[PDB]
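Next up: a single chain in structure tokens, the form deposited in one PDB entry.
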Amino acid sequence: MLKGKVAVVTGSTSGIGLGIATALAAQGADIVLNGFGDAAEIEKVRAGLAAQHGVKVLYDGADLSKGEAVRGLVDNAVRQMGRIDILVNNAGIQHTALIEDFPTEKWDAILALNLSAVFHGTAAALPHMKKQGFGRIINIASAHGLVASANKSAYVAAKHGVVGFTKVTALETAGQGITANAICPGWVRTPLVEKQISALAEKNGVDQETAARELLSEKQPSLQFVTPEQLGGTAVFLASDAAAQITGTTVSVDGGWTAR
């Protein structure tokens, strides 16, 4: 379990990040939620997790496109929660276009959130974790941090960068009670993916579910979506003492995507 520990999960107001925050709360960790969406729904999520699991849950609406706001999220988590044991760098965005059609604003935004926010959050966390002699940094990269798809240049570059950055984090902290690893999921049916399902159904003139199956079949041999609950379990495992010597690596949760 994780009783007495504090976890900050970026982009945990929905999707994968909410599944990870929920799993960590279920292990007894105090939680800092973060991310956008509807404020009433966010408060319900926050109060609900605290009540259900009997842990402290805070919400910090920092916009993680700004480096100082990311560092502020971590530093304020320590101020309010008293420590930071687990940092899950999860917030991310997507945009698809051919490289020559890829707007520079979109390239910049994807690098800022999907890559640079991992840097800033890690930089802010590490002095605390070093003083603690304990930390777990868990970066949510992607199958796209190990391999590529067409039309996803900024996202694939960013996710590859996160994988490299995770390795450096591990090497700088090796032996200090701190590990850093990157979870690399295949498809998870969140709004990030639903948008691309919708696009494919339009392009192909089929219904939504036919597009969903095709999207899966192209990439994911199992023909099964990964779930936020599975990814929460994986984060819980990396946070555990069994994973004390798992550091600087990727854990692919992808139904066979990268095996072929």
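When you see a residue number, it is the position in the sequence shown, counting from 1. Only residues modelled in both forms are compared. Take the two forms, superpose them, and find the largest set of C-alpha atoms that agree within 1.5 Å; that set is the rigid core.
We do not show the form deposited in another entry, though everything after this point is about it.
- Measuring CA movement between this form and the one not shown with the rigid core aligned, the set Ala201, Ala69, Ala26, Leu58 has one residue at 2 Å or more: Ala201.
- If you fit the rigid core between this form and the one not shown, you'll see the Cα of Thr227 move by less than 2 angstroms.
- If you fit the rigid core between this form and the one not shown, you'll see the Cα of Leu49 move by less than 2 angstroms.
- Relative to the superposed rigid core, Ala211 undergoes a CA displacement of at least 2 Å between this form and the one not shown.
- Shifted region between this form and the one not shown (3+ consecutive residues, every CA moving 2 Å or more on the core fit): 191-215 alone.
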